[PDB]
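*Asks:* Here's a structure for you.
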Amino acid sequence: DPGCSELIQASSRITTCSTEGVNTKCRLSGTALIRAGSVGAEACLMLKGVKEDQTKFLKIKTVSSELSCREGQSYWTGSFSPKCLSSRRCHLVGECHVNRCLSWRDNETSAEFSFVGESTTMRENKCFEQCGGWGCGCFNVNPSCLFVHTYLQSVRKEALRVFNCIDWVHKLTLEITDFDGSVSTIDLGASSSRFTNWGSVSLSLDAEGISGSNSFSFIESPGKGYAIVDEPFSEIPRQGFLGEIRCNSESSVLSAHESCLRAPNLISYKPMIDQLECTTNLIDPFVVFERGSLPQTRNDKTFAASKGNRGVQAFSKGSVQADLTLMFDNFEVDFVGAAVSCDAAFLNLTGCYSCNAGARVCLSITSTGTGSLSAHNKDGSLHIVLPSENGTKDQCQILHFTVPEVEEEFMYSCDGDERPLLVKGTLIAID
Amino acid sequence: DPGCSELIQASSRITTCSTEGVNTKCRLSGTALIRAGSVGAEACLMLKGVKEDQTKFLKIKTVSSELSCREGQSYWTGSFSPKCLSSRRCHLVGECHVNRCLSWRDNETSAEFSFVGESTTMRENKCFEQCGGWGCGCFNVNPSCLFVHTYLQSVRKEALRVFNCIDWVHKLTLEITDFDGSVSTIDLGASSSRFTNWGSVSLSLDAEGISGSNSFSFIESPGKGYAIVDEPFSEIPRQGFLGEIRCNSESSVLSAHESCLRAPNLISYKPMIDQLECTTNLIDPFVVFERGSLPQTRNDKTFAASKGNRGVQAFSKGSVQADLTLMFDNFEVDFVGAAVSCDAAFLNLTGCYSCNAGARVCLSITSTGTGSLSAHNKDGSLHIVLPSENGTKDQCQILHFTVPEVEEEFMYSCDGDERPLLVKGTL
Ligand SMILES: *[C@@H]1O[C@H](CO)[C@@H](O[C@@H]2O[C@H](CO)[C@@H](O[C@@H]3O[C@H](CO[C@@H]4O[C@H](CO)[C@@H](O)[C@H](O)[C@@H]4O)[C@@H](O)[C@H](O)[C@@H]3O)[C@H](O)[C@H]2NC(C)=O)[C@H](O)[C@H]1NC(C)=O
Ligand SMILES: *[C@@H]1O[C@H](CO)[C@@H](O[C@@H]2O[C@H](CO)[C@@H](O[C@@H]3O[C@H](CO)[C@@H](O)[C@H](O)[C@@H]3O)[C@H](O)[C@H]2NC(C)=O)[C@H](O)[C@H]1NC(C)=O
Ligand SMILES: *[C@@H]1O[C@H](CO)[C@@H](O)[C@H](O)[C@H]1NC(C)=O
Ligand SMILES: *[C@@H]1O[C@H](CO)[C@@H](O)[C@H](O)[C@H]1NC(C)=O
């Protein structure tokens, strides 16, 4: 039931009217700029004829204002757990020769674990010096060597794809009701223009986008849906962050393949003579997914999965940061039709006084056909002219007051048969 | 239950004996280096008399090897949660003028929250630009300003003290049984000597400290004991680590006091026009305490709360990384007199072959009073002499074999006789 959220009068300088003895028609030629309607509501342009009762409206409903994520970088991740094997040798036995233990290389497997065979899994190798001497079962008093071989294994049989958006492609869908009542639906992009019955329409300025977009990233769970993540995409594994372990494919997460990348020192070890514990404290990306699972709101946007060919989209919820440029190409409009009555009620009066922006008055208007409500205050200094329709709509325009305390009686009608309406509110002063 | 884990023989170098009359007496003079016995077990020195039936033992038990934490730096931490207030003003209204919102400073309270007034709590302030225009209730198309005031509040009425150990004080406690059998208990620090009836005992080498001590820290939960944390202490508050929020006291943590220090950006915000959510993802220090609550074992050590005092200690579990220097002040020992027989079962053989250290035989000995066990085992090559003790005790000594698999055979005669025994093993 929203009607005009934004309403401007076409400049007298783009309008020319003539009367054919009682029958008057006007031509629009030139350009008007109007802010796009808030989502669900209309941007409206009012045409005035020569008489005060000659009014027509062009209405442009913002059906939706959508932003589609163009995906940039991507990696796969999932959940992992370490499995360790250990074997302790006394000083001067096996590899536990003078310095080997303390200079042990991560990628070298100890002879102690040659029975494990070949591996293509993410893995690492440690040696921890432990106590020597007879109390720890060694003939030699020097430190014994706890050799350790560890591999990572996927804890789930599914994986998650983390990505960013390099661009958000704006599509503004508009439902246009011409002056003559004909309805059409169009869509526009930032650089688009469409021919209309009266000329053309384009986006003069389009600043629709995701503010702080570099601080969002997304997760896809294949066959399930998407999640938002409230952090920038990480191009490098960083311990304690999503992506600290990452792979180039879904299957490589699942097999924990050695091509996967990982941040250093993710596995902690507690060597205890012949006992060993190894643990991880990894970010659980399935928890992160469930925390951000779509749909979600951030700022004035709703992020949701695309219906159909899948990706993520964001929808504006309120204002649309775009101006429509309306080009009229010598287009004729008449004022034909019988007026019917309307009922109206005051809704609100909001904004400032003695300012350029003025104050927005909103009325609920109920009728059985298309027309115009006209209202004036006692002294004819203020006038309201708003669309009337079959059914009920909330309709708003700007009024200019010079006082913060407003209590103004208007008489309104759609057919000349006036009824009272009280507009009141409190407006702020600017500086 | 365990006896001599380390057995050395008194060097003929520091030994002089003779038989002038009705019996034989021996004199010990000089130093003798011996490895400390494993905790609970004994380091042992055998005195060889001029006969074969003449043998005496000096026994030194390791009762405990103990390391006490000398606490260094400390901080208090606990559990916190944010509470935030918000108020949005349209562009050109109130404080919301280009370009103050985007320039807002954490310490500056917005005039939107005058009704909160005076505070000594941890707190911050933010401003977030949000949609403008009539669709977001504003007469101006420029961004509106969501002003936010947030304070941290304690979510638990208890705190935790995180602390560091700048040094670990070593005390070694030895129980000495002299050749004549008199018992004695001494304590040694890393530098220390103690005099004995026969001379003295000193810590020659002492490496009983905590390896990797730089990567440990500790927590005290007031009146509930201690925990070990498997990471360094840090004097810098960092996000995602214990102490990311820290204070100087129990009360300050509980009041979420403004003197508490905190790492940057711990509170996250979701501005949603007129709605706002604010959250933290702080590590829970009480979970950290729980997971590390003492007693805990690391390496060859048990970390535990001090028994007769306040603080934490670590106790050596296996080998003691220390050499004992024994000094003998021209000390005389006699051998009188008779000694019975005992039940000795073979236990094991362990070591290498054709090496310096060699094999180590261990026997289970149950006997009368205190005696000495001999073995006619492999006579003309090998012999075994060990302490017989009133009770059940395992006794070990060194042996040199130059073959891989050892299948040996012994008739042990401490009696002398009457008994048999077998020994078998491999390197
Ligand atoms: C003074 O009065 C005016 C007019 O009443 C108020 O403006 C109105 O504000 C409301 C609440 O924010 C807006 O409602 C929103 O409507 C959108 C529109 O969605 C579309 O509308 C149809 C209704 O038939 C819906 O069923 C569809 O979903 C469709 O998408 C909706 O998405 C929001 O959830 C919300 O309901 C309304 O659009 C707006 N009207 C106009 C003409 O702009 C104004 O807030 C008020 N000011 C005050 C009280 O200070
Ligand atoms: C060979 O046999 C000997 C039997 O004496 C074994 O030596 C013994 O080893 C164990 C440690 O595994 C020790 O037992 C322990 O006692 C301490 C202190 O009381 C306690 O803290 C431990 O929990 C455990 O109960 C024992 O001290 C030690 N004996 C001696 C004399 O040193 C040796 O391990 C055997 N080797 C084998 C079977 O391979
Ligand atoms: C281990 O890494 C070193 C250093 O890059 C490399 O030279 C060597 O080939 C690797 N050794 C393996 C895989 O055994
Ligand atoms: C807040 O930060 C500003 C910027 O330096 C400073 O002027 C002000 O004194 C600070 N407030 C304090 C220290 O309480």
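Ordered as shown in the structure tokens, chains take letters A, B, and onward, while each chain numbers its residues from 1 and ligands are numbered from 1 in the order shown.
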Give me the residues near residue A:199 as a CSV table (one decimal) with C-alpha atoms, in the first residue's frame, where near means some atom within 10 Å (using only C-alpha atoms) and where sequence neighbours in that chain fewer than 3 positions away do not count.

*Replies:*
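Contents of selection_27.csv, as written:
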```csv
chain,number,residue,atom,x,y,z
A,28,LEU,CA,6.4,17.5,-21.8
A,29,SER,CA,9.8,18.1,-23.5
A,30,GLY,CA,13.1,18.0,-21.6
A,31,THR,CA,14.5,16.1,-18.6
A,194,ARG,CA,15.5,2.3,-21.8
A,195,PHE,CA,13.1,3.8,-24.3
A,196,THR,CA,9.6,4.4,-22.7
A,326,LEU,CA,13.5,11.1,-17.1
A,327,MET,CA,13.7,12.3,-20.7
A,328,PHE,CA,10.4,13.5,-22.2
A,329,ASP,CA,10.4,13.6,-26.0
A,330,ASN,CA,7.6,16.1,-26.8
A,331,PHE,CA,5.1,13.9,-25.1
```

*Asks:* Counting only C-alpha atoms, collect the residues of chain B whose closest atom lies at most 7 Å from chain A, and write them out as a ChimeraX atom specification.

*Replies:* /B:38,92-93,130-136,139-140,270-273,298-300,318-319,351,357

*Asks:* Ligand 3: which residues are within 12 Å, counting only C-alpha atoms and all ligand atoms? Reply as a PDB file with N, CA and C atoms, in the first residue's frame.

*Replies:*
```pdb
ATOM      1  N   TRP A 104      65.881 -31.806  13.618  1.00  0.00           N
ATOM      2  CA  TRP A 104      64.982 -32.613  12.782  1.00  0.00           C
ATOM      3  C   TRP A 104      64.125 -31.754  11.849  1.00  0.00           C
ATOM      4  N   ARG A 105      64.048 -32.148  10.581  1.00  0.00           N
ATOM      5  CA  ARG A 105      63.271 -31.401   9.592  1.00  0.00           C
ATOM      6  C   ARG A 105      61.823 -31.884   9.522  1.00  0.00           C
ATOM      7  N   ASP A 106      60.896 -30.932   9.460  1.00  0.00           N
ATOM      8  CA  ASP A 106      59.464 -31.219   9.425  1.00  0.00           C
ATOM      9  C   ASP A 106      59.051 -32.218   8.356  1.00  0.00           C
ATOM     10  N   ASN A 107      59.706 -32.183   7.206  1.00  0.00           N
ATOM     11  CA  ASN A 107      59.289 -33.021   6.076  1.00  0.00           C
ATOM     12  C   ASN A 107      60.038 -34.348   5.983  1.00  0.00           C
ATOM     13  N   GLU A 108      60.879 -34.658   6.969  1.00  0.00           N
ATOM     14  CA  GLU A 108      61.574 -35.947   6.935  1.00  0.00           C
ATOM     15  C   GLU A 108      60.995 -36.956   7.916  1.00  0.00           C
ATOM     16  N   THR A 109      60.594 -38.089   7.372  1.00  0.00           N
ATOM     17  CA  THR A 109      59.999 -39.150   8.161  1.00  0.00           C
ATOM     18  C   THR A 109      61.108 -39.970   8.795  1.00  0.00           C
ATOM     19  N   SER A 110      60.975 -40.220  10.090  1.00  0.00           N
ATOM     20  CA  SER A 110      61.929 -41.026  10.822  1.00  0.00           C
ATOM     21  C   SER A 110      61.887 -42.473  10.332  1.00  0.00           C
ATOM     22  N   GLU A 118      53.829 -45.129   2.082  1.00  0.00           N
ATOM     23  CA  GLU A 118      53.813 -43.863   1.374  1.00  0.00           C
ATOM     24  C   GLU A 118      52.537 -43.081   1.683  1.00  0.00           C
ATOM     25  N   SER A 119      52.648 -41.758   1.729  1.00  0.00           N
ATOM     26  CA  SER A 119      51.505 -40.938   2.085  1.00  0.00           C
ATOM     27  C   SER A 119      51.387 -39.743   1.159  1.00  0.00           C
ATOM     28  N   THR A 120      50.158 -39.340   0.894  1.00  0.00           N
ATOM     29  CA  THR A 120      49.944 -38.121   0.112  1.00  0.00           C
ATOM     30  C   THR A 120      49.130 -37.138   0.925  1.00  0.00           C
ATOM     31  N   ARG A 123      51.017 -33.776   6.455  1.00  0.00           N
ATOM     32  CA  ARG A 123      51.715 -34.482   7.526  1.00  0.00           C
ATOM     33  C   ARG A 123      52.928 -33.667   7.949  1.00  0.00           C
ATOM     34  N   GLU A 124      53.497 -34.026   9.094  1.00  0.00           N
ATOM     35  CA  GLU A 124      54.712 -33.389   9.584  1.00  0.00           C
ATOM     36  C   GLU A 124      55.446 -34.321  10.542  1.00  0.00           C
ATOM     37  N   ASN A 125      56.701 -33.985  10.812  1.00  0.00           N
ATOM     38  CA  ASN A 125      57.564 -34.845  11.611  1.00  0.00           C
ATOM     39  C   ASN A 125      58.313 -34.026  12.651  1.00  0.00           C
ATOM     40  N   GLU A 258      48.104 -33.456   0.480  1.00  0.00           N
ATOM     41  CA  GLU A 258      49.293 -32.630   0.770  1.00  0.00           C
ATOM     42  C   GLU A 258      49.419 -31.356  -0.074  1.00  0.00           C
TER      43      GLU A 258
END
```

*Asks:* What gap, in Å, lies between atom CA of residue A:121 and atom CA of residue A:148?

*Replies:*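 So the two atoms, atom CA of residue A:121 and atom CA of residue A:148, lie 15.6 Å apart.
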
*Asks:* Can you tell me which residues sit at most 10 Å away from ligand 4, counting only C-alpha atoms and all ligand atoms, written as a PyMOL selection string?

*Replies:* chain B and resi 104-109

*Asks:* Output N, CA and C atoms for every residue in the selection just made, as an mmCIF file, in the first residue's frame.

*Replies:*
```
data_model
loop_
_atom_site.group_PDB
_atom_site.id
_atom_site.type_symbol
_atom_site.label_atom_id
_atom_site.label_comp_id
_atom_site.auth_asym_id
_atom_site.auth_seq_id
_atom_site.Cartn_x
_atom_site.Cartn_y
_atom_site.Cartn_z
ATOM 1 N N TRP B 104 34.993 9.481 14.181
ATOM 2 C CA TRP B 104 34.697 9.350 15.607
ATOM 3 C C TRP B 104 35.778 8.590 16.365
ATOM 4 N N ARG B 105 36.000 8.998 17.613
ATOM 5 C CA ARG B 105 37.046 8.434 18.457
ATOM 6 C C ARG B 105 36.446 7.661 19.630
ATOM 7 N N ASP B 106 37.044 6.508 19.926
ATOM 8 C CA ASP B 106 36.512 5.529 20.880
ATOM 9 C C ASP B 106 36.227 6.071 22.267
ATOM 10 N N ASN B 107 37.031 7.034 22.698
ATOM 11 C CA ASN B 107 36.927 7.564 24.047
ATOM 12 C C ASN B 107 35.860 8.660 24.212
ATOM 13 N N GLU B 108 35.422 9.236 23.090
ATOM 14 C CA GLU B 108 34.443 10.338 23.065
ATOM 15 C C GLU B 108 32.990 9.868 23.130
ATOM 16 N N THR B 109 32.312 10.161 24.234
ATOM 17 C CA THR B 109 30.900 9.807 24.394
ATOM 18 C C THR B 109 29.986 10.741 23.593
#
```

*Asks:* From the options A:100, A:61, A:13, A:89, which residue's atoms come nearest to ligand 1, counting only C-alpha atoms and all ligand atoms?

*Replies:*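 Checking each candidate against ligand 1, we get A:61 as the closest.
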
*Asks:* When the cut-off is 8 Å and you count only C-alpha atoms and all ligand atoms, which residues lie near ligand 2, shown as a PyMOL selection string?

*Replies:* (chain A and resi 134-137) or (chain B and resi 1-6+37-42+317-318+347-350+361-364+393-396)

*Asks:* Could you tell me how far atom CA of residue A:217 lies from atom CA of residue A:259, in Å and to one decimal?

*Replies:* 23.3 Å

*Asks:* Can you pull out every residue within 12 Å of residue B:246, counting only C-alpha atoms, but drop anything in the same chain fewer than 3 positions away, and send it as an MDAnalysis selection string?

*Replies:* chainID B and resid 74:80 122 159:163 234:239 241:243 249:250 252:254 256:263 282 285

*Asks:* Run DSSP on the backbone and give me the residues of stretch 260-417 of chain A it puts in strand (DSSP E or B), as JSON, numbers by chain.

*Replies:* {"A": [261, 262, 267, 268, 269, 270, 271, 272, 275, 276, 277, 278, 279, 280, 293, 296, 297, 298, 301, 302, 303, 304, 305, 312, 313, 314, 315, 316, 322, 323, 324, 325, 326, 327, 328, 329, 330, 331, 332, 333, 334, 343, 344, 345, 346, 347, 348, 349, 350, 351, 352, 359, 360, 361, 362, 363, 364, 365, 366, 367, 371, 372, 373, 374, 375, 376, 377, 383, 384, 385, 386, 387, 388, 390, 391, 392, 393, 394, 395, 396, 397, 398, 399, 405, 406, 407, 408, 409, 410, 411, 412, 413]}

*Asks:* Name the residues of stretch 211-282 of chain A that come out as alpha helix (DSSP H) in a backbone DSSP run; write them as an MDAnalysis selection string.

*Replies:* chainID A and resid 250:254

*Asks:* Using only C-alpha atoms, which protein or nucleic acid residues come within 7 Å of residue A:7? Drop anything in the same chain fewer than 5 positions from it, and give the result as a ChimeraX atom specification.

*Replies:* /A:43-45,396-397

*Asks:* May I have the residues from that selection written out with C-alpha atoms, as a PDB file, in the first residue's frame?

*Replies:*
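Now in out.pdb:
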```pdb
ATOM      1  CA  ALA A  43       9.081   8.065  -7.312  1.00  0.00           C
ATOM      2  CA  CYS A  44       6.435  10.358  -8.747  1.00  0.00           C
ATOM      3  CA  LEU A  45       6.405  13.235 -11.176  1.00  0.00           C
ATOM      4  CA  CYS A 396       3.741  11.848   0.516  1.00  0.00           C
ATOM      5  CA  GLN A 397       5.045  15.220  -0.612  1.00  0.00           C
TER       6      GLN A 397
END
```

*Asks:* In Å, rounded to a single decimal, give me how far atom CA of residue A:163 is from atom CA of residue A:71.

*Replies:*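 These atoms are spaced 6.8 Å apart.
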
*Asks:* Which polymer residues have any atom within 10 Å of an atom of stretch 191-196 of chain B, counting only C-alpha atoms, with same-chain residues fewer than 4 positions away left out, as a PyMOL selection string?

*Replies:* chain B and resi 171+176+178+184+186-187+200-206+324-329

*Asks:* Take the residues just selected and output them with N, CA, C and O atoms as a compact mmCIF listing (two decimals), in the first residue's frame.

*Replies:*
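Everything below was put into result09.txt:
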```txt
# COMPACT_ATOMS: atom_id res chain seq x y z
N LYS B 171 65.59 -28.27 44.61
CA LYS B 171 65.96 -28.95 45.83
C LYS B 171 65.97 -30.46 45.59
O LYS B 171 64.97 -31.05 45.18
N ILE B 176 70.61 -41.05 52.85
CA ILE B 176 71.88 -41.77 52.86
C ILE B 176 71.91 -42.88 53.91
O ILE B 176 71.62 -42.66 55.09
N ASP B 178 74.82 -45.17 55.34
CA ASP B 178 76.27 -45.38 55.38
C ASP B 178 76.62 -46.86 55.39
O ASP B 178 75.74 -47.71 55.51
N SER B 184 70.39 -41.28 57.22
CA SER B 184 70.53 -39.83 57.28
C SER B 184 69.82 -39.19 56.07
O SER B 184 69.83 -39.76 54.99
N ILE B 186 69.49 -35.63 53.75
CA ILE B 186 70.02 -34.31 53.39
C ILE B 186 69.29 -33.66 52.21
O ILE B 186 68.70 -34.35 51.38
N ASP B 187 69.36 -32.33 52.15
CA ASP B 187 68.85 -31.54 51.03
C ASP B 187 70.02 -30.85 50.34
O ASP B 187 70.94 -30.36 51.00
N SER B 200 81.90 -35.89 52.68
CA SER B 200 80.86 -34.99 52.18
C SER B 200 80.20 -35.48 50.89
O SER B 200 80.71 -36.38 50.21
N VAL B 201 79.05 -34.88 50.58
CA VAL B 201 78.36 -35.08 49.31
C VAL B 201 78.06 -33.72 48.69
O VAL B 201 77.56 -32.83 49.37
N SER B 202 78.36 -33.57 47.41
CA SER B 202 78.03 -32.33 46.69
C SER B 202 77.42 -32.57 45.31
O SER B 202 77.66 -33.61 44.67
N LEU B 203 76.63 -31.60 44.86
CA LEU B 203 76.08 -31.59 43.50
C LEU B 203 77.11 -31.08 42.50
O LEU B 203 77.29 -29.87 42.33
N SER B 204 77.79 -32.02 41.85
CA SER B 204 78.79 -31.71 40.83
C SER B 204 78.13 -31.10 39.58
O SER B 204 78.42 -29.96 39.22
N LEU B 205 77.25 -31.87 38.94
CA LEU B 205 76.46 -31.39 37.80
C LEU B 205 74.99 -31.39 38.18
O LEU B 205 74.50 -32.35 38.77
N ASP B 206 74.29 -30.31 37.85
CA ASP B 206 72.84 -30.22 38.09
C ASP B 206 72.12 -29.56 36.90
O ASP B 206 72.21 -28.35 36.70
N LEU B 324 76.52 -36.71 41.55
CA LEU B 324 76.96 -36.54 42.93
C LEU B 324 78.46 -36.82 43.07
O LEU B 324 78.95 -37.88 42.65
N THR B 325 79.18 -35.85 43.63
CA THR B 325 80.57 -36.02 44.04
C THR B 325 80.61 -36.44 45.50
O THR B 325 80.17 -35.71 46.38
N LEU B 326 81.13 -37.63 45.73
CA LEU B 326 81.30 -38.12 47.07
C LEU B 326 82.76 -37.90 47.46
O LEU B 326 83.66 -38.17 46.67
N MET B 327 82.99 -37.38 48.66
CA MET B 327 84.34 -37.17 49.17
C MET B 327 84.52 -38.04 50.41
O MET B 327 83.70 -37.98 51.34
N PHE B 328 85.59 -38.84 50.42
CA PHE B 328 85.90 -39.70 51.56
C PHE B 328 87.17 -39.24 52.30
O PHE B 328 88.26 -39.17 51.73
N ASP B 329 87.01 -38.91 53.59
CA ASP B 329 88.07 -38.30 54.38
C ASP B 329 88.85 -39.37 55.13
O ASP B 329 88.68 -39.53 56.33
```

*Asks:* From the options A:384, A:333, A:263, A:227, which residue's atoms come nearest to residue A:411, counting only C-alpha atoms?

*Replies:* A:384

*Asks:* Which residues are close to residue B:336, i.e. within 12 Å by only C-alpha atoms, leaving aside same-chain residues fewer than 3 positions away? Reply as an MDAnalysis selection string.

*Replies:* chainID B and resid 22:26 49 53:56 179:180 333 339 370:371

*Asks:* Using the selection just defined, write its residues with C-alpha atoms as an mmCIF file, in the first residue's frame.

*Replies:*
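The result, written out as again-v7.cif:
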```cif
data_model
loop_
_atom_site.group_PDB
_atom_site.id
_atom_site.type_symbol
_atom_site.label_atom_id
_atom_site.label_comp_id
_atom_site.auth_asym_id
_atom_site.auth_seq_id
_atom_site.Cartn_x
_atom_site.Cartn_y
_atom_site.Cartn_z
ATOM 1 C CA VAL B 22 91.883 -61.050 63.710
ATOM 2 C CA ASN B 23 90.135 -59.404 60.703
ATOM 3 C CA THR B 24 90.374 -56.939 57.782
ATOM 4 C CA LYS B 25 89.516 -53.201 57.674
ATOM 5 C CA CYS B 26 89.361 -50.785 54.698
ATOM 6 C CA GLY B 49 87.289 -55.994 50.839
ATOM 7 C CA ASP B 53 83.050 -62.445 51.333
ATOM 8 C CA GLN B 54 83.999 -58.872 52.319
ATOM 9 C CA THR B 55 81.764 -56.275 50.617
ATOM 10 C CA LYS B 56 80.114 -53.069 51.900
ATOM 11 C CA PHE B 179 78.412 -48.532 55.311
ATOM 12 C CA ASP B 180 77.602 -49.113 59.006
ATOM 13 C CA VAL B 333 85.101 -49.453 57.313
ATOM 14 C CA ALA B 339 75.501 -62.867 56.601
ATOM 15 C CA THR B 370 71.515 -56.396 55.418
ATOM 16 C CA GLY B 371 73.856 -58.689 53.489
#
```
